[PDB]
Every structure is written in structure tokens, then in C-alpha cells.
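One chain is shown next in C-alpha cells, namely the form deposited in one PDB entry.
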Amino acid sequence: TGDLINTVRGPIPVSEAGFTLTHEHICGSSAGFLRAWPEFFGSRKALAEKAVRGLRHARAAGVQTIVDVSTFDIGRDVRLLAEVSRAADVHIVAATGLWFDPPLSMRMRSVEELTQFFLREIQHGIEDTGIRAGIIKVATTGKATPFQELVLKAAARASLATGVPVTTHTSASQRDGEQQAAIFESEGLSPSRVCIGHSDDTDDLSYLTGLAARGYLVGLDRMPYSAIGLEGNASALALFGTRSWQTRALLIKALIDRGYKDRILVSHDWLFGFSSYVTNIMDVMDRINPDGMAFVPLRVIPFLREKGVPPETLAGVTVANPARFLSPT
């Protein structure tokens, strides 16, 4: 009791977060896009309605909180998040940071300037809303670009000043987490403040246990993603991969079996609208996973239970781990 986390509806006690999905999106887009071209999504109204239906379905399955890791350059619309959170009665934690599509006005900035931006979104509020970010999202796609090095350093500095955790996008097959770790540690950031994400995109347990041993949280966060049976769709293949959800879920058990139950975070990386990829990708996704953000509780958790993972362990992964991660520390 006592510790608090910021959500799009204001502060909540850490203990009320409950079953928490730590890497999710209401909408995957671009800065200013929803404001300029809402018809891309049918309408803003239709997008909101779809998101509310989706979050209510997750809620029914026992999800109490999601962390929307959409940054500025993912086109995060905090007003939209607040609206859908209110209508579905599911907590949403918003993010600061930068993903891999920053515009020039961000790309030209120094580490000091980026630190000031991230601190603004955490301490003051996002835009003119007063809604405060509760996590910092960063990204590499292979070896960090020079700018990405600055972003990771600024994220470490903002985290040290505020206690808010850092979470990452990686190219997992390229083992980006090792370089990300080195950068964070060079700034004196504690590994317990960091989740190395998309770590279920690889079956390389040497890579994953190496990180877990050092105290990093390992994000197994793309559970429903698979293009099995859609191999003729090049764009779906490239984004989803050729590994089954069962293959992804097996990594949760693998890390538990190797003593790392306290180092695992589980999610879908789902969304309800998606403009930063090919047209109609959302329709393809909705066909692969009609359950959306209820997929983890409905399919993954029972799968693990049937493999013999104890209820206490599953509760520790889906409740205790997100709570420790999100609590400002």
C-alpha cells in the first residue's frame, strides 16, 4: 500500500493495477496523423468504439490495466486513451520516449534536450492535458543509430530522476538488448528499471538468460503474432513471423524453469487501429486473433497451467512483476 502509478485518468495505488499487460497500443500511428486524417480509421468515433469493445473483452477475461507504450512518434493521442479507459473501465498507463520514426524536430536534439522532453511528459504532463507518463519507451532496429544512442541515454537520465521504468523495442534476432543494456549501464541505470522488449521474437535462450541473469526484465510481448497459414501474404509474413503462439508461450515456461520467474513480463503488442504499416493490416490481424487483448488470459495462461506452471507463479508473472516494474523506484 502507499505507492502510486500515473494513469490517463490520474493516480492509482500500485496494488490496484492487478493483471497488467505491459506492452500494448490503442492505435499504432504517427505524430499528428489521427488529427489530420481520422477517416483513415473510418472515423475517430469508430476507432474509439472498436477500442472500447476490445478493452471490455480484455476486462471480462481479467485484464485490469494495460501499458500503452505509444510514444510521440507512434502518434500517441492521450485524449483518446483517456476516453477509451473511462468507457471500458480499464486502467491505461501512457508513455514518453521515442520509437524508430522520430521526425527531424526530434532527430536534431541533444541528450540534454531529449531528457528535458521526457521529463516534461513525466513530471508536467503530455501536451496541455496534465496527463503524466508512467513509462519511457525507446527503440533500436539492429545496432543503435547515433540518435538512438542519445535517446537511450536520455531515457536512463529521465528514469534516474523520476523512478519511472524504461521499456524497449528490439530486433530480437539481432540481439539488440546487449547493446541497449551496455548504454543504460553506462548511465548508471539499474537493470531492474528496464524491460528488453520483443524478446519472444527469438528462441535464443543464451541471449535471454544472459539479460535475465543481470537483472533485466524480459518482455515476451508479441504472443499472438504468427503468419502460419498466410505465407502468401508478404507483408503479414514480414511483420508476424513464422513461429506459432505456442512457440512464443513456451519461452515463458523456459525462463520459469531456469529460475527467472521474477524477470518475465508478458503482453500482445496488440492495437485497435494501425496506420504505420500496409492498408488493411488491421483486418488481417483481427482474423488471426479475434480475441485481441484477451488472448493472453484466454489462451496463453491456460496453456501454461496445462504444462504444470503453478497458479502462484502465473499470478507472480501477470500481477507482481508489472507492479514492481511500474512502481517508481
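All residue numbers are counted from 1 along the displayed sequence.
Report task. Can you let me know which of the two, 22-30 or 258-266, has the higher average C-alpha B-factor in the entry? Result -> The entry gives the higher C-alpha B-factor average to 258-266.
Query raised in the report: According to the deposited model, is the average Cα temperature factor higher in 183-191 or in 214-222?
Result: Between 183-191 and 214-222, it is 183-191.
**Report entry** Residue with maximal Cα B-factor (values as given in the PDB entry) among 124, 169, 76, 248
**Finding:** Across 124, 169, 76, 248, the entry lists the biggest C-alpha B-factor for 124.
Query raised in the report: According to the deposited entry, which of 93, 237, 81, 196 has the largest Cα B-factor?
Result: Top of the list by C-alpha B-factor: 237.
**Report entry** Cα B factor band for residue 291 (lowest, middle or highest third within the chain)
**Finding:** Middle third.
Query raised in the report: According to the PDB entry, is the CA B factor of residue 165 in the bottom, middle or top third of its chain, that is, lowest, middle or highest?
Result: According to the entry, residue 165 has a C-alpha B-factor in the chain's lowest third.
Requested in this report: Using the B-factors in the PDB entry, rank residue 232's C-alpha atom against the chain and give the third, lowest, middle or highest.
Outcome: It falls in the top third of the chain.
Query raised in the report: When the modelled residues of the chain are sorted by Cα temperature factor, does residue 137 land in the lowest, middle or highest third?
Result: Lowest third.
Query raised in the report: If you rank the chain by CA B-factor, which third does residue 242 end up in: lowest, middle or highest?
Result: Residue 242: CA B-factor falls in the highest third of its chain.
Keep in mind that the form solved in complex with a small molecule is not shown, yet the notes after this line are about it.
**Report entry** Stretch in contact in the deposited bound form with the small molecule, which is absent here, among 46-54, 286-294, 270-278, 299-307 (heavy atoms within 4.5 Å)
**Finding:** Single hit among the candidates: 270-278.
Report task. Consider the chain as shown here, without its partner, and state which of 184, 225, 216, 72 has a heavy atom within 4.5 Å of the small molecule in the deposited bound form. Result -> Of the candidates 184, 225, 216, 72, 225 is the one lying within 4.5 Å of the small molecule in the deposited bound form.
Report task. Give a yes or no on whether each residue among 207, 210 and 263 has a heavy atom within 4.5 Å of the small molecule in the deposited bound form. Result -> No: none of 207, 210 and 263 comes within 4.5 Å of the small molecule in the deposited bound form.
Query raised in the report: Taking the shortest heavy atom distance, is residue 99 within 4.5 Å of the small molecule in the deposited bound form?
Result: Residue 99: contacts the small molecule in the deposited bound form.
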